[PDB]
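A.B. asks: File entry02.tsv below, TSV, C-alpha atoms and all ligand atoms:
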chain	number	residue	atom	x	y	z
A	1	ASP	CA	-141.11	-136.22	12.20
A	2	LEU	CA	-141.77	-136.52	15.94
A	3	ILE	CA	-140.43	-134.27	18.68
A	4	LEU	CA	-140.37	-130.76	17.54
A	5	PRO	CA	-138.60	-127.79	18.99
A	6	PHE	CA	-141.01	-125.24	20.53
A	7	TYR	CA	-138.71	-122.49	19.70
A	8	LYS	CA	-135.84	-122.02	17.33
A	9	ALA	CA	-133.18	-119.26	17.51
A	10	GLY	CA	-130.26	-119.38	15.10
A	11	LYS	CA	-129.26	-123.01	15.07
A	12	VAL	CA	-130.18	-123.49	18.71
A	13	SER	CA	-133.42	-125.45	19.11
A	14	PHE	CA	-135.33	-125.67	22.28
A	15	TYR	CA	-137.29	-128.62	23.22
A	16	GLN	CA	-139.54	-129.36	26.17
A	17	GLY	CA	-140.24	-133.00	27.28
A	18	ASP	CA	-139.00	-135.96	29.29
A	19	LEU	CA	-135.34	-136.90	29.15
A	20	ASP	CA	-135.34	-140.44	27.96
A	21	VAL	CA	-137.76	-139.53	25.28
A	22	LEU	CA	-135.70	-136.68	24.14
A	23	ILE	CA	-132.59	-138.80	23.96
A	24	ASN	CA	-134.66	-141.44	22.26
A	25	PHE	CA	-136.00	-139.51	19.38
A	26	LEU	CA	-133.49	-136.74	19.02
A	27	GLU	CA	-130.82	-139.41	19.03
A	28	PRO	CA	-127.90	-137.41	20.29
A	29	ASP	CA	-124.24	-138.06	20.66
A	30	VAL	CA	-123.31	-135.87	23.41
A	31	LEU	CA	-125.57	-135.54	26.31
A	32	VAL	CA	-124.39	-132.65	28.44
A	33	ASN	CA	-125.06	-133.43	32.06
A	34	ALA	CA	-125.33	-130.69	34.73
A	35	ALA	CA	-123.12	-132.06	37.57
A	36	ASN	CA	-122.34	-130.86	40.98
A	37	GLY	CA	-118.59	-131.07	40.78
A	38	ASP	CA	-117.48	-133.73	43.21
A	39	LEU	CA	-119.82	-135.80	41.09
A	40	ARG	CA	-122.67	-137.39	42.93
A	41	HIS	CA	-125.34	-137.42	40.23
A	42	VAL	CA	-128.51	-136.15	41.95
A	43	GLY	CA	-131.74	-134.44	40.83
A	44	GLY	CA	-133.63	-134.00	37.59
A	45	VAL	CA	-130.79	-134.21	35.12
A	46	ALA	CA	-128.05	-136.23	36.46
A	47	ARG	CA	-130.16	-138.68	38.53
A	48	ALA	CA	-131.88	-139.03	35.17
A	49	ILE	CA	-129.04	-139.75	32.84
A	50	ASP	CA	-127.45	-142.06	35.29
A	51	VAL	CA	-130.52	-144.22	35.46
A	52	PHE	CA	-130.78	-144.20	31.67
A	53	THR	CA	-127.25	-145.45	31.34
A	54	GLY	CA	-127.93	-148.24	33.72
A	55	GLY	CA	-125.82	-146.28	36.17
A	56	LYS	CA	-122.74	-146.53	34.00
A	57	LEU	CA	-122.25	-142.81	34.39
A	58	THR	CA	-121.63	-143.23	38.13
A	59	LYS	CA	-119.51	-146.31	37.66
A	60	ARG	CA	-117.19	-144.34	35.27
A	61	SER	CA	-117.24	-141.54	37.77
A	62	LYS	CA	-115.85	-143.27	40.83
A	63	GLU	CA	-113.31	-144.52	38.22
A	64	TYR	CA	-112.52	-141.12	36.87
A	65	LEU	CA	-111.84	-139.87	40.33
A	66	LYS	CA	-108.90	-142.06	41.09
A	67	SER	CA	-106.53	-140.59	38.59
A	68	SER	CA	-107.88	-137.27	37.87
A	69	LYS	CA	-108.89	-134.01	39.46
A	70	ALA	CA	-112.38	-132.97	40.72
A	71	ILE	CA	-114.11	-130.67	38.27
A	72	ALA	CA	-113.87	-127.01	38.86
A	73	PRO	CA	-117.06	-124.91	38.59
A	74	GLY	CA	-116.54	-123.19	35.21
A	75	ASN	CA	-115.18	-126.44	33.81
A	76	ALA	CA	-116.60	-129.52	32.09
A	77	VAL	CA	-115.16	-132.97	31.31
A	78	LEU	CA	-116.00	-135.63	28.76
A	79	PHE	CA	-116.75	-139.27	29.27
A	80	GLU	CA	-116.56	-140.81	25.90
A	81	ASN	CA	-119.17	-143.39	25.13
A	82	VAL	CA	-120.73	-144.01	28.40
A	83	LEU	CA	-123.05	-145.95	26.17
A	84	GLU	CA	-122.25	-146.82	22.59
A	85	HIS	CA	-122.53	-143.60	20.58
A	86	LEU	CA	-123.64	-141.82	23.69
A	87	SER	CA	-121.11	-139.49	25.29
A	88	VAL	CA	-121.77	-137.73	28.54
A	89	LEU	CA	-120.25	-134.46	29.24
A	90	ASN	CA	-120.08	-133.41	32.85
A	91	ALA	CA	-120.67	-129.79	33.08
A	92	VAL	CA	-119.93	-128.11	36.32
A	93	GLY	CA	-121.81	-124.79	36.41
A	94	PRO	CA	-121.13	-122.09	38.98
A	95	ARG	CA	-123.24	-121.86	42.12
A	96	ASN	CA	-125.31	-118.82	42.51
A	97	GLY	CA	-123.24	-115.91	43.86
A	98	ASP	CA	-119.73	-117.17	43.55
A	99	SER	CA	-117.80	-114.74	41.51
A	100	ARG	CA	-117.97	-114.11	37.75
A	101	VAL	CA	-120.88	-116.34	38.02
A	102	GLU	CA	-120.85	-114.82	34.68
A	103	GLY	CA	-117.58	-115.78	33.22
A	104	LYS	CA	-117.54	-119.19	34.82
A	105	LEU	CA	-120.89	-120.06	33.14
A	106	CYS	CA	-119.71	-118.94	29.81
A	107	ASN	CA	-116.83	-121.29	29.80
A	108	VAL	CA	-119.07	-124.03	30.43
A	109	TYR	CA	-121.11	-123.11	27.32
A	110	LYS	CA	-117.84	-122.53	25.58
A	111	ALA	CA	-116.53	-125.98	26.41
A	112	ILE	CA	-119.78	-127.53	25.36
A	113	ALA	CA	-119.52	-125.60	22.17
A	114	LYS	CA	-116.44	-127.57	21.43
A	115	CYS	CA	-117.86	-131.12	20.99
A	116	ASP	CA	-118.74	-133.23	17.99
A	117	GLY	CA	-122.07	-134.50	16.71
A	118	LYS	CA	-125.54	-133.98	18.05
A	119	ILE	CA	-125.60	-132.24	21.41
A	120	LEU	CA	-128.39	-132.39	23.88
A	121	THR	CA	-128.01	-130.13	26.87
A	122	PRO	CA	-130.02	-128.46	29.61
A	123	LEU	CA	-129.45	-124.89	30.79
A	124	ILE	CA	-126.46	-124.81	33.02
A	125	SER	CA	-126.71	-123.85	36.70
A	126	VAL	CA	-130.43	-123.20	36.51
A	127	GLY	CA	-132.54	-125.23	38.95
A	128	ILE	CA	-130.90	-126.21	42.30
A	129	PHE	CA	-127.83	-124.16	41.58
A	130	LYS	CA	-130.11	-121.14	41.63
A	131	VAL	CA	-128.98	-118.89	38.83
A	132	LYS	CA	-131.44	-116.90	36.83
A	133	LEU	CA	-132.64	-118.53	33.59
A	134	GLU	CA	-132.16	-115.16	31.81
A	135	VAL	CA	-128.45	-115.40	32.42
A	136	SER	CA	-127.67	-119.01	31.61
A	137	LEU	CA	-129.51	-118.30	28.48
A	138	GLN	CA	-127.93	-114.85	27.95
A	139	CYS	CA	-124.57	-116.51	28.22
A	140	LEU	CA	-125.64	-119.54	26.09
A	141	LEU	CA	-126.68	-117.44	23.19
A	142	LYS	CA	-123.59	-115.40	23.27
A	143	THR	CA	-121.13	-118.20	23.41
A	144	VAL	CA	-122.26	-121.04	21.16
A	145	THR	CA	-122.11	-118.46	18.45
A	146	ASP	CA	-122.45	-120.94	15.63
A	147	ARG	CA	-123.46	-124.55	15.76
A	148	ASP	CA	-126.51	-126.58	16.11
A	149	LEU	CA	-127.46	-127.15	19.58
A	150	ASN	CA	-130.30	-128.86	21.19
A	151	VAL	CA	-131.53	-127.42	24.44
A	152	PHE	CA	-134.15	-128.91	26.55
A	153	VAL	CA	-136.17	-127.96	29.57
A	154	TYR	CA	-138.72	-129.70	31.65
A	155	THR	CA	-141.40	-127.26	33.06
A	156	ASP	CA	-143.96	-125.15	31.49
A	157	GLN	CA	-143.11	-121.96	33.22
A	158	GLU	CA	-139.62	-122.68	31.96
A	159	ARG	CA	-140.74	-123.08	28.37
A	160	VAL	CA	-142.66	-119.93	28.57
A	161	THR	CA	-139.98	-117.95	30.23
A	162	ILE	CA	-137.88	-118.76	27.29
A	163	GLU	CA	-140.41	-117.65	24.74
A	164	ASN	CA	-140.74	-114.23	26.38
A	165	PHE	CA	-137.02	-113.97	26.16
A	166	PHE	CA	-137.29	-113.78	22.42
A	167	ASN	CA	-140.55	-111.95	22.25
A	168	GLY	CA	-139.82	-109.35	24.94
A	201	CL	CL	-110.43	-127.81	31.57
Let me see whether you can do it: turn the structure in this file into structure tokens.
Ligand SMILES: [Cl-]
C.D. replies:
Amino acid sequence: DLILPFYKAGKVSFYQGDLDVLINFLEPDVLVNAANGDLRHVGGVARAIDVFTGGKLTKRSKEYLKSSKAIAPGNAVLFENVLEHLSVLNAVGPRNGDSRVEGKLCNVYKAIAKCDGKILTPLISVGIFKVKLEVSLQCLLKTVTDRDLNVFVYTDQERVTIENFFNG
């Protein structure tokens, strides 16, 4: 077997590594994307997935927008099959220091919880959105109470920070 999780906690598995490669070998079904909610797809995740889908993501997005409402931090929306057997879920995390940063985040995990098949997803609202990893995790673990989930990060420091979460 090839890409192995570097930590495992309940049915959540944590992977480090590049995106395309993860998608490629982990073969998911739902790729959760971290999107800033009026839906320009910039930075490590989104600018990533968009490119991988040949930019279909963005094409569906402008489309989406004409007959549907911008996504409200604390909400996510699903684009079914942006590729064949590849669904992208557009998660809008809260910014740092809006209110119930807490609650909002958890709904996002909660909504993610809800999907079908293999999920690959990054940690919401971490990175540019400047929310502590501790929390996005804290929330993650709480919410997706029971289902297999595939979380990925990019950095080392990230990877580590996660390990010490479980060690203490
Ligand atoms: Cl909703």
A.B. asks: Could you tell me which of A:159, A:41, A:104, A:132 comes closest to ligand CL 201 (chain A) if we count all atoms listed in the file?
C.D. replies: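 Closest to ligand CL 201 (chain A) of all the choices is A:104.
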A.B. asks: Do a neighbour search on residue A:106 at 9 Å with all atoms listed in the file, toss out local chain neighbours closer than 5 positions, and write the hits as JSON, numbers by chain.
C.D. replies: {"A": [74, 101, 111, 136, 139, 140, 142, 143]}
A.B. asks: Suppose you want the space between atom CA of residue A:50 and atom CA of residue A:90; what is it in Å?
C.D. replies: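 Result for atom CA of residue A:50 versus atom CA of residue A:90: 11.6 Å, one decimal.
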A.B. asks: Pull the neighbourhood of (-116.2, -138.5, 29.4) for me: all residues within 6 Å in file coordinates, counting all atoms listed in the file, as a list in words.
C.D. replies: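 Checked against the point, the hits come out as residues 77, 78, 79, 80, 88 and 89 of chain A.
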A.B. asks: Ranking A:83, A:70, A:3, A:22 by minimum distance to ligand CL 201 (chain A) and counting only C-alpha atoms and all ligand atoms, which one comes first?
C.D. replies: A:70
A.B. asks: Here is a test: counting only C-alpha atoms, which residue of A:46, A:135, A:32, A:65 is nearest to residue A:100?
C.D. replies: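 The answer is A:135, which sits nearest to residue A:100.
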A.B. asks: Suppose you want the space between atom CA of residue A:160 and atom CA of residue A:138; what is it in Å?
C.D. replies: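 Distance between the two atoms: 15.6 Å.
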A.B. asks: Which of these, A:54, A:10, A:37, A:117, has the shortest distance to residue A:145 once you count all atoms listed in the file?
C.D. replies: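 For residue A:145, the nearest of the given residues is A:10.
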A.B. asks: Between atom CA of residue A:16 and atom CA of residue A:44, what is the distance, to one decimal in Å?
C.D. replies: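 So the answer is 13.7 Å.
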A.B. asks: For residue A:91, which of A:120, A:34, A:26, A:112 is the closest residue, counting only C-alpha atoms?
C.D. replies: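 Comparing A:120, A:34, A:26, A:112 against residue A:91, the winner is A:34.
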A.B. asks: Tell me which protein, DNA and RNA residues are within 12 Å of residue A:47, counting all atoms listed in the file, leaving out same-chain ones fewer than 3 positions away, and put them as a list in words.
C.D. replies: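 Final neighbour list, sorted by chain and number: residues 19, 20, 33, 34, 35, 36, 39, 40, 41, 42, 43, 44, 50, 51, 52, 53, 54, 55, 56, 57 and 58 of chain A.
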A.B. asks: My list of candidates is A:128, A:82, A:76, A:108. Which is closest to ligand CL 201 (chain A) when distances are computed with all atoms listed in the file?
C.D. replies: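 Distance minimum relative to ligand CL 201 (chain A) lands on A:76.
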A.B. asks: Listed atoms of stretch 19-27 of chain A, axis-aligned box, 3 Å per side: centre and edge lengths to one decimal in Å, as lines of an AutoDock Vina configuration file?
C.D. replies:
center_x = -134.3
center_y = -139.1
center_z = 24.1
size_x = 12.9
size_y = 10.8
size_z = 16.1
A.B. asks: Would you list the residues near (-127.3, -118.0, 25.0) (no more than 12 Å away, in the coordinates of the file, using only C-alpha atoms) as a ChimeraX atom specification?
C.D. replies: /A:9-14,105-110,113,122-124,133-147,149-151,162,165-166
